[PDB]
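Chains 7, I and 6 supply the protein sequences, listed in that same order. Going by the entry's author numbering, the letters in the first sequence line up with residues 4 to 365, in that order. Going by the entry's author numbering, the letters in the second sequence line up with residues 5 to 139, in that order. Going by the entry's author numbering, the letters in the third sequence line up with residues 1 to 46, in that order. Report on the structure given below.
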Amino acid sequence: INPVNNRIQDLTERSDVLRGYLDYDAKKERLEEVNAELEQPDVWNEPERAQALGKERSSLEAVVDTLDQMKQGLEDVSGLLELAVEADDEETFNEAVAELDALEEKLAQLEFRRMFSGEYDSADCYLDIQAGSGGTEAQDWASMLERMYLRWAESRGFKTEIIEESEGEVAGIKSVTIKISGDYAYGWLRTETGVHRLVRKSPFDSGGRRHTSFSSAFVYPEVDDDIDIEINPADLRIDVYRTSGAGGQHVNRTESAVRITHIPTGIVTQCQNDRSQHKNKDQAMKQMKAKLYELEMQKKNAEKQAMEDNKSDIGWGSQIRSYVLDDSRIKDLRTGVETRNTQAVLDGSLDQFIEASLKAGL
Amino acid sequence: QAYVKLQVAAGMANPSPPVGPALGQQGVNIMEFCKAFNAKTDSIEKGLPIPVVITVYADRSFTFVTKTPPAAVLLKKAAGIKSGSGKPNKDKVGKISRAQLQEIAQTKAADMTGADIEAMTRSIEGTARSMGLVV
Amino acid sequence: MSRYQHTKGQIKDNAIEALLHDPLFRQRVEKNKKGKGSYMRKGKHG
RNA sequence: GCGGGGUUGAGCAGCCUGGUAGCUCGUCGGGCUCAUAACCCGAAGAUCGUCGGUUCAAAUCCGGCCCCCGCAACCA
Ligand SMILES: [Mg+2]
Ligand SMILES: [Mg+2]
Ligand SMILES: [Mg+2]
Ligand SMILES: [Mg+2]
C-alpha cells in the first residue's frame with residue numbers, strides 16, 4: 004500500500020493544480036449565473052441565445068462536477084486506507100483501490116480535455132528549429148535545442164525523422180526540420196513554438212565572454228492536403244465569338260474564340276489560339292482551372308499573412324524560455340516554472356515545463 | 005389541466021437548471037412544487053427521480069399523487085453499470101439475472117398495471133433488453 | 001502593453017522566424033570585466 | 001500530328017544493336033589548421049519515370065500510361 008498511498012498523495016496535488024489552471028471558482032460562478040438565466044422563462048423566447056447559453060452551461064457544470072468528485076473520491080480512499088491497513092479487511096481495501104483507479108482515470112480525462120482541446124492537437128507535427136543571429140554560438144544553441152527535442156520525443160514514444168538539416172560550417176546546425184510522428188504529438192509540442200534564449204559563456208569566443216543567443220522552435224501540424232475539386236458547368240459562363248483579324252471568309256464567319264467566366268469569382272479566361280473552337284475551349288478551360296488554383300493559393304497566403312502579423316504583434320513575448328547556464332537556472336517566461344537542473348532539462352526533461360504550459364492553455 | 009411528468013432526482017430541491025420554465029409555465033409558483041416534492045421525499049429515499057401528477061387547478065393549490073420510481077434507473081442500480089447502450093448486439097456491455105429482475109418487479113406492484121407479477125417481471129426483462137443488457 | 005515595431009516589413013511565411021532575424025532578438029555579448037574587451041579607461045566611479 | 005528525352009542528391013554518360021552502372025560535383029569517415037575554407041586519403045550511394053510485353057536474360061528492343069523539351073499546327 005506504500006505505492007497506493009503515494010499515488011493518493013499525488014492525486015490531490017494534481018487536482019489542486021488543475022483547479023488553479025482552470026480558475027475553478029470563476030467557472031463555478033459562471034455556471035451559477037448561467038443556470039439562473041436558464042431557469043428564467045424569458046430566455047427561451049430568443050432561440051439563438053438560449054441554445055448558446057445551454058451549451059456554455061453544460062461544459063462548466065462538467066468541469067465543476069468533476070472537480071467536486073475528485074475532492075470526494077480521494078477522501079473516501081483515505082478513509083478506506085485506514086481500514087486496509089489496521090483492520091486488515093481485504094475486500095474493502097480492494098474496493099478502495101478500484102475507486103482510486105476510477106477516480107484517477109476520471110481526473111486524467113478532465114486534464115486531457117483541458118490540454119488537448121484544439122482541432123489538430125491529436126495529429127503529428129513538423130518541429131522546425133532555426134538558429135539565431137549570433138553566428139557559431141547561435142548555431143550551437145540551435146543544435147542543442149534540436150538534440151533536446153529529439154531526446155524528449157523518444158522518451159515520449161514518438162517517431163522522430165530529420166527531414167532537412169542545414170549544418171553550421173564550424174559547429175552546430177544552422178537550421179533543421181524534424182517530423183515527429185505519434186498520437187497527440189502536435190498537441191504535446193505546440194507549446195514549444197517560440198524563441199528560446201540561451202545564456203552561457205561561449206566556447207567559440209576567443210574572449211570567452213558571456214553570450215546571449217536566441218533560437219526559434221516552430222511546431223506546426225501535418226494538415227491533410229485537401230484535393231483541388233474541379234469547378235461545375237453551372238458556375239461557368241461560356242461566350243463564343245469571332246477572332247481578331249486573321250484571314251479569310253471562313254474566319255470571318257466562324258466563332259472559334261472562347262471566353263469562359265466564373266460566376267462566383269468574376270474571373271475570365273479567353274482563348275483564340277486554335278482554329279478549332281473545341282481546342283480553344285479546352286485551353287481556356289485549363290487556364291480557368293489554373294486561375295482558380297492561383298486564387299485559392301492567394302487566399303491561403305493572405306490568411307497566413309494575417310496570422311503572421313498577429314504573431315508579430317506579441318514581439319518580445321515570443322521569447323518563451325530562458326536557459327541560463329552561467330547561473331544554472333532554466334525559467335519558462337510565460338508559466339514561471341523554474342529548475343536549477345539545467346543539464347537534465349537539456350538532455351530532454353521538458354515534461355515539467357510542457358505539462359504546465361498545456362494546463363495554462365498558452 | 006396542465007398535467008405532465010417532468011423532473012430530475014428527488015433529493016435535488018428546486019430544480020432550476022433542468023426543469024426550470026417547464027414546472028412554472030402555468031400560474032403555479034416555483035416554490036410550491038419543490039416544497040411538495042421535498043415533503044414527499046423524506047418518507048422513502050433520495051438520489052432517484054420520481055414522477056407525480058400535476059393537475060393545475062384555477063385555485064392554484066394543486067392536487068398530486070406520486071408514482072413509483074422509473075424502471076431504467078432501478079435496472080442500472082441492479083446492474084452496477086452506468087452506460088450500457090452503445091452497440092448492444094455487436095458486443096454485450098452488461099448482463100443481469102432473472103431472479104434479480106423479478107425481485108425488482110415486486111417492489112413496484114402498486115403503480116404497475118397488472119395482477120400477475122410474472123407479467124411485470126417479463127416487462128422488466130424486455131425493458132432491460134431494450135437498454136442493451138442480455139438477461 | 002505596446003507593440004514592437006519590427007524591421008521586417010510585411011511578414012508572410014512565419015512571424016517568429018522573422019523576429020529571430022531582427023534586432024530585438026539580436027545576439028548580446030557582455031563586456032569583459034577582465035580578459036579581452038576588458039580595459040576601462042575610466043572606472044564607473046572614476 | 002512528327003521527333004528527342006525521364007539513369008546515385010545535381011548536371012551529364014551508357015541505350016548504338018540486349019547481358020560490364022562510368023565522369024564531374026555533392027554526401028559520409030579520416031587527415032592538415034587554433035578553427036573554417038581550400039587541399040590530401042578512404043568509403044558509401046542507382047527496381048535506370050511507371051506499367052505491361054518479348055525474351056534464357058532488359059537501363060538498353062516493343063507497346064501503353066504519366067511528365068518534360070523541341071517542332072508543326074496551314075490555303076482560303
Ligand atoms: Mg540530368
Ligand atoms: Mg553494348
Ligand atoms: Mg542490365
Ligand atoms: Mg576542412
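Each residue gets a CB set at the ideal place from its N, CA and C atoms; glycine is no exception.
(request) Answer yes or no: do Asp-127 (chain 7) and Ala-188 (chain 7) have a C-beta to C-beta separation smaller than 7 Å? (result) Within the first sequence, residue 127 (chain 7) is the residue found at index 124, counting from 1. Within the first sequence, residue 188 (chain 7) is the residue found at index 185, counting from 1. Yes, they are a contact pair.
(message) Strictly by DSSP, which residues pair up with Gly-197 (chain 7)?
(response) For the purposes of this step, residue 197 (chain 7) is taken as residue 194 along the first sequence, with counting starting at 1. Answer is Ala-220 (chain 7).
(message) Less than 7 Å between CB atoms is the rule here; does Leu-41 (chain 7) satisfy it with respect to chain I?
(response) Sequence index remark: in the first sequence, residue 41 (chain 7) carries index 38 (1-based). Output row for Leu-41 (chain 7): interface = yes.
(message) Any C-beta of chain 6 within less than 8 Å: which residues of the region 211-230 of chain 7 qualify?
(response) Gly-211, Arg-212, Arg-213, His-214, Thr-215, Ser-216, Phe-217, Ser-218, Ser-219 and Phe-221
(request) Please confirm if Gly-35 (chain 6) has its CB atom under 7 Å from at least one CB of chain 7. (result) Taking the first residue of the third sequence as position 1, residue 35 (chain 6) is located at position 35. So yes, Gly-35 (chain 6) belongs to the interface.
(message) Just to confirm, is the Cβ distance from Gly-190 (chain 7) to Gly-160 (chain 7) under 7 Å?
(response) As a position in the first sequence, residue 190 (chain 7) is number 187, starting the count at 1. As a position in the first sequence, residue 160 (chain 7) is number 157, starting the count at 1. Cβ atoms of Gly-190 (chain 7) and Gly-160 (chain 7): not closer than 7 Å.
(message) So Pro-44 (chain 7) contacts chain I; which residues on that side make the cut at Cβ distance below 8 Å?
(response) For the purposes of this step, residue 44 (chain 7) is identified with residue 41 of the first sequence, where counting begins at 1. Under the 8 Å cutoff, chain I gives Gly-24, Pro-25, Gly-28 and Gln-29.
(message) Taking the beta carbon of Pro-19 (chain I) as the centre, do at least 16 other beta carbons fall within 10 Å, making it buried, or is it exposed?
(response) By one-based count along the second sequence, residue 19 (chain I) stands at place 15. Buried is the call here.
(message) For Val-8 (chain I) and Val-23 (chain I), I'd like the C-alpha separation in whole angstroms.
(response) In the second sequence, the residue the question calls residue 8 (chain I) occupies position 4. In the second sequence, the residue the question calls residue 23 (chain I) occupies position 19. Using only the alpha carbons, I get a separation of about 12 Å.
(message) Between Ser-20 (chain I) and chain 7, is the shortest Cβ-Cβ distance under 7 Å, so that the two count as touching?
(response) As a working mapping, residue 20 (chain I) is identified with position 16 in the second sequence. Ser-20 (chain I) counts as touching chain 7.
(request) List the residues of chain I whose Cβ lies closer than 9 Å to the Cβ of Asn-97 (chain 7), in chain order. (result) Position 94 of the first sequence, counted from the first residue, corresponds to residue 97 (chain 7). What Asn-97 (chain 7) touches in chain I: nothing, since even the nearest Cβ is about 15 Å away.
(message) Extract the residue ranges of the beta strand (DSSP E) inside the region 205-285 of chain 7, only unbroken runs of 3 or more that lie entirely within it.
(response) 213-224, 239-244, 260-265 and 271-274
(message) So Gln-308 (chain 7) contacts chain 6; which residues on that side make the cut at Cβ distance below 8 Å?
(response) Sequence index remark: in the first sequence, residue 308 (chain 7) carries index 305 (1-based). The answer, in chain order, is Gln-10, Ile-11 and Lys-12.
(request) Rounded to whole angstroms, what's the CA-CA distance from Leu-106 (chain 7) to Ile-108 (chain I)? Just pull it up for me. (result) Within the first sequence, residue 106 (chain 7) is the residue found at index 103, counting from 1. Within the second sequence, residue 108 (chain I) is the residue found at index 104, counting from 1. Each residue's alpha carbon lies about 30 Å from the other.
(request) Grab the span of the beta strand (DSSP E) containing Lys-81 (chain I) for me, first residue to last. (result) One-based indexing of the second sequence puts residue 81 (chain I) at position 77. Counting along the chain, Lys-81 (chain I) falls outside any beta strand (DSSP E), though it belongs to the alpha helix (DSSP H) covering 75-83.
(request) Quick one: residues in its chain with C-beta nearer than 6 Å to the C-beta of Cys-274 (chain 7), no 5 flanking neighbours on either side, listed in chain order? (result) Taking the first sequence and counting its residues from 1, one reaches residue 274 (chain 7) at position 271. So the qualifying residues of the chain are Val-261, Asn-283, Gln-286 and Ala-287.
(message) With DSSP as the reference, identify every bridge partner of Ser-184 (chain 7), one or two as the case may be.
(response) Position 181 of the first sequence, counting from 1, holds the residue named residue 184 (chain 7). Note: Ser-184 (chain 7) sits in a beta bridge opposite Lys-162 (chain 7).
(request) List the residues of chain I whose Cβ lies closer than 7 Å to the Cβ of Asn-48 (chain 7), in chain order. (result) For the purposes of this step, residue 48 (chain 7) is identified with residue 45 of the first sequence, where counting begins at 1. Within 7 Å Cβ-Cβ: nothing; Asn-48 (chain 7) doesn't reach chain I, min ~10 Å.
(request) Please list, in chain order, all residues of the same chain as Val-77 (chain I) whose beta carbon is under 8 Å from its beta carbon, the five residues on each side excluded. (result) Here residue 77 (chain I) refers to the residue found at position 73 when the second sequence is read from its first residue. Excluding sequence neighbours, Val-77 (chain I) sits near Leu-52 and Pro-53.
(message) Between which two residues does the beta strand (DSSP E) holding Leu-130 (chain 7) run?
(response) The residue given as residue 130 (chain 7) occupies position 127 in the first sequence. It spans 128-134 - the beta strand (DSSP E) in which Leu-130 (chain 7) sits, taken as one unbroken run.
(request) Output, in chain order, the set of chain I residues within a Cβ distance shorter than 8 Å of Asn-38 (chain 7). (result) Within the first sequence, residue 38 (chain 7) is the residue found at index 35, counting from 1. Within chain I, the residues near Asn-38 (chain 7) are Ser-20 and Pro-21.
(request) Using only alpha-carbon positions, find the residue among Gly-175 (chain 7), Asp-330 (chain 7), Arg-116 (chain 7) and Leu-103 (chain 7) that is nearest to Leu-361 (chain 7). (result) Along the first sequence, one-based indexing puts residue 361 (chain 7) at 358. Selected option, being the one with the closest Cα: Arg-116 (chain 7).
(request) Taking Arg-60 (chain 7) as the query, report the chain I residues whose CB atoms sit under 9 Å from its CB, ordered along the chain. (result) By one-based count along the first sequence, residue 60 (chain 7) stands at place 57. Under the 9 Å cutoff, chain I gives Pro-21.
(request) Could you spell out where the beta strand (DSSP E) holding residue 2 (chain 7) opens and where it closes? (result) Outside the shown range of chain 7 (4 to 365) lies residue 2 (chain 7), about which nothing can therefore be said.
(request) Consult DSSP for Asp-95 (chain I) and reduce its assignment to one of helix, strand or coil. (result) Position 91 of the second sequence holds residue 95 (chain I). Three-state DSSP puts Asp-95 (chain I) in coil, outside helix and strand.
(message) For a contact defined as C-beta to C-beta under 7 Å, what are the partners of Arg-41 (chain 6) on chain 7?
(response) Within the third sequence, numbered from 1, the residue matching residue 41 (chain 6) stands at position 41. Within chain 7, no residue comes near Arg-41 (chain 6); the closest Cβ sits about 18 Å away, beyond 7 Å.
(message) Taking beta-carbon pairs under 8 Å, can you tell me which members of the region 319-350 of chain 7 lie near chain 6?
(response) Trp-319, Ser-321 and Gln-322
(request) Mind listing the chain 6 neighbours of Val-198 (chain 7)? Cutoff is C-beta to C-beta under 8 Å, in chain order. (result) Residue mapping note: residue 198 (chain 7) aligns to position 195 of the first sequence, counting from 1. Those are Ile-16, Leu-19, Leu-20 and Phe-25, listed as they occur along chain 6.
(message) To the nearest angstrom, how far is the alpha carbon of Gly-88 (chain I) from that of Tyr-152 (chain 7)?
(response) If you number the second sequence from 1, residue 88 (chain I) lands on position 84. If you number the first sequence from 1, residue 152 (chain 7) lands on position 149. C-alpha separation (whole angstroms): 43 Å.
(request) Flag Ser-146 (chain 7) as yes if its beta-carbon sits less than 7 Å from any beta-carbon of chain 6, otherwise no. (result) For the purposes of this step, residue 146 (chain 7) is taken as residue 143 along the first sequence, with counting starting at 1. False, the Cβ-Cβ gap to chain 6 never drops below 7 Å.
(request) Alpha carbon to alpha carbon, how far is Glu-85 (chain 7) from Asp-79 (chain 7)? Give it in angstroms, no decimals. (result) Position 76 of the first sequence holds residue 79 (chain 7). Position 82 of the first sequence holds residue 85 (chain 7). The straight-line gap from Cα to Cα measures roughly 10 Å.
(message) Three or more C-beta pairs under 8 Å: does that hold for the region 116-125 of chain I against the region 22-36 of chain 6?
(response) no
(message) DSSP has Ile-333 (chain 7) in a bridge; who is on the other side?
(response) Against the first sequence, residue 333 (chain 7) aligns to sequence position 330. Partner(s): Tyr-326 (chain 7) and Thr-342 (chain 7).
(request) Measure the beta-carbon distance from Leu-336 (chain 7) to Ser-325 (chain 7) and round it to whole angstroms, keeping in mind my assumption that it falls under 8 Å. (result) Counted from its first residue, the first sequence places residue 336 (chain 7) at position 333. Counted from its first residue, the first sequence places residue 325 (chain 7) at position 322. The Cβ separation is near 6 Å, so the contact holds.
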